[PDB]
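Here is work-v6.pdb, consisting of PDB, C-alpha atoms (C1' of nucleotides):
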```pdb
ATOM      1  CA  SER A 140     -20.005 -29.063   3.314
ATOM      2  CA  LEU A 141     -23.572 -29.471   4.541
ATOM      3  CA  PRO A 142     -26.065 -30.714   1.931
ATOM      4  CA  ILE A 143     -29.140 -28.530   1.636
ATOM      5  CA  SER A 144     -31.208 -29.931  -1.240
ATOM      6  CA  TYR A 145     -29.562 -33.323  -1.488
ATOM      7  CA  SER A 146     -31.078 -36.234  -3.389
ATOM      8  CA  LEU A 147     -29.694 -39.766  -3.472
ATOM      9  CA  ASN A 148     -29.840 -42.066  -6.478
ATOM     10  CA  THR A 149     -28.196 -45.388  -7.288
ATOM     11  CA  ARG A 150     -26.739 -46.735 -10.514
ATOM     12  CA  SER A 151     -25.479 -50.182 -11.450
ATOM     13  CA  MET A 152     -22.563 -50.860 -13.787
ATOM     14  CA  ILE A 153     -23.077 -54.627 -13.546
ATOM     15  CA  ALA A 154     -22.584 -54.609 -17.322
ATOM     16  CA  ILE A 155     -19.392 -56.384 -18.344
ATOM     17  CA  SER A 156     -20.318 -55.935 -22.038
ATOM     18  CA  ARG A 157     -19.043 -58.178 -24.829
ATOM     19  CA  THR A 158     -15.627 -58.193 -23.076
ATOM     20  CA  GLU A 159     -14.082 -58.239 -26.572
ATOM     21  CA  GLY A 160     -15.216 -61.853 -26.769
ATOM     22  CA  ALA A 161     -18.226 -64.050 -26.082
ATOM     23  CA  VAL A 162     -19.180 -63.442 -22.433
ATOM     24  CA  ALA A 163     -21.661 -60.604 -21.923
ATOM     25  CA  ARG A 164     -22.102 -60.920 -18.135
ATOM     26  CA  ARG A 165     -19.351 -62.057 -15.763
ATOM     27  CA  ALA A 166     -19.244 -59.656 -12.796
ATOM     28  CA  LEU A 167     -21.655 -57.229 -11.154
ATOM     29  CA  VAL A 168     -21.287 -53.814  -9.527
ATOM     30  CA  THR A 169     -23.544 -50.965  -8.431
ATOM     31  CA  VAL A 170     -22.837 -47.539  -6.963
ATOM     32  CA  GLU A 171     -24.717 -44.926  -4.951
ATOM     33  CA  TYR A 172     -24.104 -41.289  -5.852
ATOM     34  CA  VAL A 173     -25.575 -37.893  -5.041
ATOM     35  CA  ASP A 174     -27.991 -36.849  -7.758
ATOM     36  CA  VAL A 175     -27.461 -33.612  -9.647
ATOM     37  CA  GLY A 176     -28.924 -30.349  -8.410
ATOM     38  CA  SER A 177     -27.867 -30.907  -4.801
ATOM     39  CA  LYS A 178     -26.624 -27.903  -2.825
ATOM     40  CA  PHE A 179     -23.797 -27.896  -0.274
ATOM     41  CA  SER A 180     -22.679 -25.062   1.990
ATOM     42  CA  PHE A 181     -18.993 -24.370   1.325
ATOM     43  CA  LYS A 182     -16.865 -22.331   3.724
ATOM     44  CA  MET A 183     -13.111 -21.874   4.030
ATOM     45  CA  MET A 184     -11.000 -19.439   6.028
ATOM     46  CA  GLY A 185      -7.488 -18.076   5.706
ATOM     47  CA  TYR A 186      -5.080 -16.327   8.076
ATOM     48  CA  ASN A 187      -2.484 -13.716   7.074
ATOM     49  CA  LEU A 188      -2.961 -14.606   3.419
ATOM     50  CA  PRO A 189      -1.181 -12.187   1.054
ATOM     51  CA  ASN A 190      -2.881 -10.871  -2.076
ATOM     52  CA  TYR A 191      -1.074 -13.278  -4.400
ATOM     53  CA  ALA A 192      -2.000 -16.269  -2.234
ATOM     54  CA  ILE A 193      -5.660 -15.221  -2.283
ATOM     55  CA  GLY A 194      -5.519 -14.808  -6.053
ATOM     56  CA  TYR A 195      -3.959 -18.258  -6.372
ATOM     57  CA  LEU A 196      -6.725 -19.755  -4.228
ATOM     58  CA  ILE A 197      -9.287 -18.000  -6.423
ATOM     59  CA  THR A 198      -7.537 -19.451  -9.474
ATOM     60  CA  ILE A 199      -7.829 -22.930  -7.959
ATOM     61  CA  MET A 200     -11.511 -22.321  -7.265
ATOM     62  CA  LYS A 201     -12.079 -21.097 -10.825
ATOM     63  CA  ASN A 202     -10.347 -24.167 -12.244
ATOM     64  CA  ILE A 203     -12.686 -26.296 -10.134
ATOM     65  CA  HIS A 204     -15.715 -24.270 -11.244
ATOM     66  CA  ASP A 205     -14.922 -24.453 -14.960
ATOM     67  CA  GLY A 206     -14.616 -28.226 -14.742
ATOM     68  CA  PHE A 207     -10.934 -28.638 -15.532
ATOM     69  CA  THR A 208     -10.653 -30.214 -12.070
ATOM     70  CA  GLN A 209     -13.135 -32.740 -10.703
ATOM     71  CA  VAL A 210     -13.848 -34.060  -7.208
ATOM     72  CA  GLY A 211     -15.293 -37.494  -6.553
ATOM     73  CA  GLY A 212     -14.670 -41.186  -6.988
ATOM     74  CA  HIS A 213     -15.495 -41.939 -10.624
ATOM     75  CA  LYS A 214     -13.827 -38.887 -12.124
ATOM     76  CA  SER A 215     -12.871 -40.759 -15.299
ATOM     77  CA  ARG A 216     -16.553 -41.567 -15.892
ATOM     78  CA  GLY A 217     -17.610 -37.950 -15.372
ATOM     79  CA  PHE A 218     -19.099 -38.150 -11.884
ATOM     80  CA  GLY A 219     -17.748 -35.091 -10.091
ATOM     81  CA  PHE A 220     -18.601 -31.683 -11.522
ATOM     82  CA  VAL A 221     -19.717 -28.893  -9.202
ATOM     83  CA  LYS A 222     -20.445 -25.204  -9.685
ATOM     84  CA  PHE A 223     -20.998 -22.194  -7.435
ATOM     85  CA  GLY A 224     -24.190 -20.174  -7.674
ATOM     86  CA  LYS A 225     -23.799 -17.854  -4.690
ATOM     87  CA  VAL A 226     -20.490 -17.358  -2.860
ATOM     88  CA  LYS A 227     -19.650 -14.572  -0.410
ATOM     89  CA  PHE A 228     -16.113 -13.266   0.080
ATOM     90  CA  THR A 229     -15.471 -11.289   3.272
ATOM     91  CA  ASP A 230     -12.038  -9.769   3.905
ATOM     92  CA  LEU A 231     -11.165  -8.445   7.363
ATOM     93  CA  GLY A 232      -7.777  -7.008   8.258
ATOM     94  CA  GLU A 233      -4.930  -5.517   6.245
ATOM     95  CA  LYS A 234      -4.923  -5.332   2.442
ATOM     96  CA  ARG A 235      -1.336  -6.466   1.818
ATOM     97  CA  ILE A 236       0.647  -8.856   4.004
ATOM     98  CA  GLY A 237       4.168  -9.211   2.658
ATOM     99  CA  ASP A 238       6.462  -6.948   0.692
ATOM    100  CA  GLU A 239       6.057  -9.379  -2.227
ATOM    101  CA  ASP A 240       2.323  -8.667  -2.395
ATOM    102  CA  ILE A 241       0.898  -6.695  -5.309
ATOM    103  CA  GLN A 242      -1.182  -3.677  -4.314
ATOM    104  CA  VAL A 243      -4.561  -4.754  -5.658
ATOM    105  CA  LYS A 244      -7.416  -2.409  -6.451
ATOM    106  CA  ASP A 245      -9.573  -1.961  -3.360
ATOM    107  CA  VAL A 246     -12.578  -4.176  -4.096
ATOM    108  CA  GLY A 247     -13.941  -3.603  -0.594
ATOM    109  CA  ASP A 248     -14.571  -6.313   1.959
ATOM    110  CA  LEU A 249     -17.868  -8.001   1.025
ATOM    111  CA  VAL A 250     -17.640  -9.698  -2.380
ATOM    112  CA  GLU A 251     -20.524 -11.923  -3.445
ATOM    113  CA  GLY A 252     -22.924 -12.697  -6.279
ATOM    114  CA  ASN A 253     -23.422 -15.464  -8.816
ATOM    115  CA  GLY A 254     -20.475 -17.687  -9.646
ATOM    116  CA  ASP A 255     -19.672 -16.114 -13.010
ATOM    117  CA  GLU A 256     -19.882 -12.534 -11.750
ATOM    118  CA  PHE A 257     -18.105 -13.643  -8.570
ATOM    119  CA  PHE A 258     -15.079 -14.851 -10.521
ATOM    120  CA  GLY A 259     -15.328 -11.740 -12.673
ATOM    121  CA  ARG A 260     -15.106  -9.724  -9.463
ATOM    122  CA  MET A 261     -11.950 -11.517  -8.278
ATOM    123  CA  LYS A 262     -10.141 -10.688 -11.525
ATOM    124  CA  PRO A 263      -7.728  -8.257  -9.774
ATOM    125  CA  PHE A 264      -6.628 -10.984  -7.355
ATOM    126  CA  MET A 265      -5.910 -13.577 -10.042
ATOM    127  CA  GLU A 266      -4.225 -10.962 -12.232
ATOM    128  CA  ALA A 267      -2.003  -9.896  -9.333
ATOM    129  CA  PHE A 268      -1.136 -13.510  -8.519
ATOM    130  CA  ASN A 269      -0.181 -14.206 -12.132
ATOM    131  CA  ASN A 270       1.798 -10.945 -12.237
ATOM    132  CA  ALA A 271       3.670 -11.764  -9.033
ATOM    133  CA  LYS A 272       7.348 -12.681  -8.855
ATOM    134  CA  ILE A 273       7.332 -15.466  -6.269
ATOM    135  CA  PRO A 274      10.575 -15.359  -4.238
ATOM    136  CA  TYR A 275      10.449 -18.645  -2.402
ATOM    137  CA  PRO A 276      11.877 -21.229  -2.521
ATOM    138  CA  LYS A 277      15.299 -19.632  -3.020
ATOM    139  CA  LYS A 278      17.008 -22.944  -3.868
TER     140      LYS A 278
ATOM    141  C1'   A B   1      32.332 -59.066 113.261
ATOM    142  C1'   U B   2      36.346 -53.336 108.851
ATOM    143  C1'   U B   3      37.269 -46.838 113.582
ATOM    144  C1'   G B   4      31.355 -48.078 111.555
ATOM    145  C1'   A B   5      26.456 -47.752 110.963
ATOM    146  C1'   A B   6      22.033 -46.202 107.380
ATOM    147  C1'   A B   7      20.217 -43.644 103.880
ATOM    148  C1'   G B   8      17.300 -44.749  95.507
ATOM    149  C1'   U B   9      20.712 -38.597  93.161
ATOM    150  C1'   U B  10      15.514 -38.921  93.654
ATOM    151  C1'   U B  11      11.861 -36.185  92.527
ATOM    152  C1'   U B  12       8.871 -32.463  88.598
ATOM    153  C1'   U B  13       8.758 -30.481  82.864
ATOM    154  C1'   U B  14       4.834 -33.584  75.887
ATOM    155  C1'   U B  15      10.835 -31.272  71.255
ATOM    156  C1'   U B  16       6.050 -27.897  70.541
ATOM    157  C1'   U B  17       4.434 -23.702  67.109
ATOM    158  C1'   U B  18       4.706 -21.022  62.083
ATOM    159  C1'   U B  19       4.582 -23.496  55.971
ATOM    160  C1'   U B  20      -0.958 -26.107  50.221
ATOM    161  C1'   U B  21       5.464 -29.261  46.176
ATOM    162  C1'   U B  22       3.259 -24.556  44.032
ATOM    163  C1'   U B  23       3.021 -21.271  38.827
ATOM    164  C1'   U B  24       3.554 -21.689  33.754
ATOM    165  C1'   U B  25       2.934 -26.268  29.113
ATOM    166  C1'   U B  26      -3.810 -27.020  23.391
ATOM    167  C1'   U B  27      -0.811 -34.986  21.903
ATOM    168  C1'   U B  28      -0.699 -31.363  16.921
ATOM    169  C1'   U B  29       1.908 -30.745  11.751
ATOM    170  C1'   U B  30       1.058 -33.048   6.983
ATOM    171  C1'   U B  31      -2.134 -37.226   3.399
ATOM    172  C1'   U B  32      -8.709 -36.218  -2.083
ATOM    173  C1'   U B  33     -11.387 -43.493  -0.151
ATOM    174  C1'   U B  34      -9.585 -43.720  -5.920
ATOM    175  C1'   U B  35      -8.702 -47.151  -9.953
ATOM    176  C1'   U B  36      -9.650 -50.305 -14.164
ATOM    177  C1'   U B  37     -15.901 -52.681 -15.767
ATOM    178  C1'   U B  38     -21.048 -50.395 -22.202
ATOM    179  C1'   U B  39     -27.187 -52.936 -17.770
ATOM    180  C1'   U B  40     -25.212 -56.495 -22.426
ATOM    181  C1'   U B  41     -26.972 -61.205 -25.490
ATOM    182  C1'   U B  42     -31.158 -64.518 -27.216
ATOM    183  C1'   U B  43     -37.167 -63.448 -29.369
ATOM    184  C1'   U B  44     -40.474 -61.977 -37.120
ATOM    185  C1'   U B  45     -47.074 -58.317 -33.410
ATOM    186  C1'   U B  46     -48.535 -62.235 -34.542
ATOM    187  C1'   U B  47     -53.145 -68.035 -37.294
ATOM    188  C1'   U B  48     -58.532 -71.998 -38.592
TER     189        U B  48
END
```

Produce C-alpha cells that represent the structure in this file.
Amino acid sequence: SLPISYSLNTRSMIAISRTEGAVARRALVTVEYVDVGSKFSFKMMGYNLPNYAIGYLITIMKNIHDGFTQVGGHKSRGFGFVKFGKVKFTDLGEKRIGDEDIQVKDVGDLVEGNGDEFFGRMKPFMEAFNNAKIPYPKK
RNA sequence: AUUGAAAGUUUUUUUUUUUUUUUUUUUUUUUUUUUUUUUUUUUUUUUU
C-alpha cells in the first residue's frame, strides 16, 4: 500500500502511573504512528477464484472495514482502524469456476463506489458464499 | 689366404578431410514485527 496523504506523529507512553503503589515514574517509552486521515492505495488480485471464494474475501474485507478486525501493532490500545472510501472491483474472465459455485446475479465487471455502497453492491457474493455448501476438506 | 671377390634393400609419399556436448529446466511454497505500560505525583493567584 502506497501512502498518498500520509502524516506522521509521535506519542509517548512513558507514563508508568501509580503502578498500584507509590512509584509514579519507573520506565519510559514512546512510539511513532501514522496519524489519522492518511490514504493508502490498496490492490489485490486473484486467479481462478470461484464465486464463493470471492464472497468470502469480501466478507473478510467487510469485517476489516467495520472494525471487528484491526491491523497494526497496538491493537489492544485501539491503534489500527482503517476504512475504504473508494474501491474498484474489476472482474475479467468466467463468472463461475467450479461446480460448487453459486450462480450469482450478474453485477457486471466494474464495481466501485464509496465503501458502504461498495459493500452493499457485493451483497450477492457474500450471500452466495454464506449459502454455499463447502465440500472440502472431505475428512 | 674359404672355388671367391664386391656391392646399404635403398631410395620417394604429412594418417589427412567432414562434426559447436547441443535442446529443454523461473531457488519457489507457506509465516500480520506483536505483547503487557494512565505523560503521572508535589505547588492556596497571591502581601507593607

- Could you expand the PyMOL selection byres ((chain A) within 9 of (chain B)) into the explicit residues it covers here, written as a PyMOL selection string? chain A and resi 151-157+162-164+166-168+210-214

- Quick one: apply the PyMOL selection byres ((chain A and resi 182) around 12) to the file and drop the selected residues here as number ranges by chain. A: 140-141, 179-181, 183-185, 223, 225-229

- For the atom pair atom CA of residue A:177 and atom CA of residue A:142, what is the interatomic distance in Å to one decimal place? 7.0 Å

- Task: Could you tell me which residues the PyMOL selection byres ((chain A and resi 251-264) around 8) returns for this structure, as a PyMOL selection string?
- Result: chain A and resi 190-191+193-195+197+201+222-228+243-244+249-250+265-268

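Atom CA of residue A:236 sits 16.4 Å away from atom CA of residue A:270.
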
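Pairwise distance (atom CA of residue A:203, atom CA of residue A:233) equals 27.6 Å.
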
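Once residue A:147 and its same-chain neighbours fewer than 6 positions away are set aside, residues 170, 171, 172, 173, 174, 175, 176 and 177 of chain A remain within 12 Å of it when counting only C-alpha atoms (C1' of nucleotides).
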
Stretch 213-228 of chain A: axis-aligned bounding box, 6 Å on each side, centre and edge lengths in Å, one decimal, as lines of an AutoDock Vina configuration file:
```
center_x = -18.5
center_y = -27.6
center_z = -7.9
size_x = 23.3
size_y = 40.7
size_z = 28.0
```

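Candidate residues A:230, A:248, A:240, A:216 were compared for distance to residue A:272, and the nearest is A:240, using only C-alpha atoms.
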